[PDB]
Amino acid sequence: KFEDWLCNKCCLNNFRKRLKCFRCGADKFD
Ligand SMILES: O=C1c2ccccc2C(=O)c2cc(S(=O)(=O)O)ccc21
Ligand SMILES: [Zn+2]
């Protein structure tokens, strides 16, 4: 299940395996 997620900081789709964003490092809940 690669239900990737969209950061709420830089708006970049990051993989699901990645708990943190791969641009600003901000967690999905931060
Ligand atoms: O090439 C990538 C890509 C391409 C098209 C859509 C999404 C991604 C992606 O999330 C990604 C993350 C990462 S990671 O370092 O966050 O795992 C590396 C590469 C990609
Ligand atoms: Zn981000």
# chains A, B, ... in the order shown; residues from 1 in each chain; ligands from 1
>>> residues_near_ligand(ligand="ligand 1", cutoff="10 Å", atoms="only C-alpha atoms and all ligand atoms", output="PyMOL selection string")
chain A and resi 2+4-6+12-23+25
>>> select_by_dssp(residues="chain A", states="strand (DSSP E or B)", output="number ranges by chain")
A: 5-6, 13-14, 20, 27
>>> residues_around(residues="residue A:30", least_positions_apart="3", cutoff="9 Å", atoms="only C-alpha atoms", output="ChimeraX atom specification")
/A:8-9,26-27
